[PDB]
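Asks:
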Amino acid sequence: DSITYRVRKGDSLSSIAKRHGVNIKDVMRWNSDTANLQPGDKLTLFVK
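Now the structure itself:
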């Protein structure tokens, strides 16, 4: 399945991964433009 998390202010990419025990690096592995990490944007957490 694909995880979708909305990055809110105070939310960090790596910190968000911790919420699902995932590897945000893998997130940066499938995504090449993480510039969409804005306060209110969703993010792919294919990370396991």
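To convert, take the position in the sequence shown, counting from 1, and add 6; that gives the working numbering.
In this text, a Cβ means the ideal position worked out from N, Cα and C, and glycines have one as well.
Distance check for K54 and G46, CA to CA, integer angstroms please.
Replies: 23 Å
Asks: In three-state terms, what does DSSP make of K48?
Replies: strand
Asks: Less than 8 Å between the C-beta atoms of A23 and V13, yes or no?
Replies: no
Asks: Looking at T40 and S8, is the spacing between their C-beta atoms short of 8 Å?
Replies: no
Asks: Taking 6 Å as the limit between beta carbons, can you name the residues of its chain near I30, skipping five residues before and five after?
Replies: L19, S20, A23
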